[PDB]
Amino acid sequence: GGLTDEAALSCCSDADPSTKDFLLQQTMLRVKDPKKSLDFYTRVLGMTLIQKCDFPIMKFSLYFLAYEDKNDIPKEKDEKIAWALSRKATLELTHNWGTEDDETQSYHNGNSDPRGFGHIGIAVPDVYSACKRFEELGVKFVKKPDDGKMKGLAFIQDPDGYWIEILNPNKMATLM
């Protein structure tokens, strides 16, 4: 069986004062082709590319996507990195150079053997209107809002096949 609410609470500790300003800054996913991924995250999902970092010595690039206003991105280089890497809730897309030209290469989404990571999730004001727009855009669905047991909750996929949950926080309590 699972843990009781009390058994879970007993495993939790209060926050040490040295961690009081820590923030959950990024989730990193590797992407085969950044051209496809940037188009999906910006045009389809509405995120903004807030920082791009190239590491020629190590043959990779990092793309930082976030729900931020493009006009808040600083003009100066060093000021840019400090601002982008201090935003909460960013998505870091790692492009290992050359994967886009390797026809046999693909990344694993974590939802089949071996499992681990499952998904990222976007909270939206209306799951149905968001998903009607995704359908019009040709987005691939793992779960349409009214498919299966949990109504009003969807899973779409990005170009690498990573799962993205689409949820409305105000319509979740009814699923319990």
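Note that residue numbering begins at 1 and tracks the sequence as displayed.
Q: Which is higher in the entry, the mean Cα B factor of 24-32 or that of 133-141?
A: Higher mean C-alpha B-factor: 133-141.
Q: On mean C-alpha B-factor from the PDB entry, just flag whether 44-52 or 143-151 is the higher one.
A: Averaged over C-alpha atoms, the B-factors run higher in 143-151.
Q: Which one, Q105, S86, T90, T94, has the peak C-alpha temperature factor per the PDB entry?
A: In this record, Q105 carries the highest C-alpha B-factor of the candidates.
Q: How does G116 rank on Cα B-factor within its chain, lowest, middle or highest third?
A: Tercile = middle for this residue's CA B-factor.
Q: Within this chain's modelled residues, let me know which third the CA B factor of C11 belongs to: lowest, middle or highest.
A: Middle third of the chain for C11's C-alpha B-factor.
Q: Where does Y128 sit by CA temperature factor within its chain: lowest, middle or highest third?
A: Ranked within chain, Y128 CA B lands in the middle tercile.
Q: Quick one: classify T19 as lowest, middle or highest third of the chain based on its Cα B-factor.
A: Within its chain, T19 is a middle-third residue by C-alpha B-factor, going by the deposited values.
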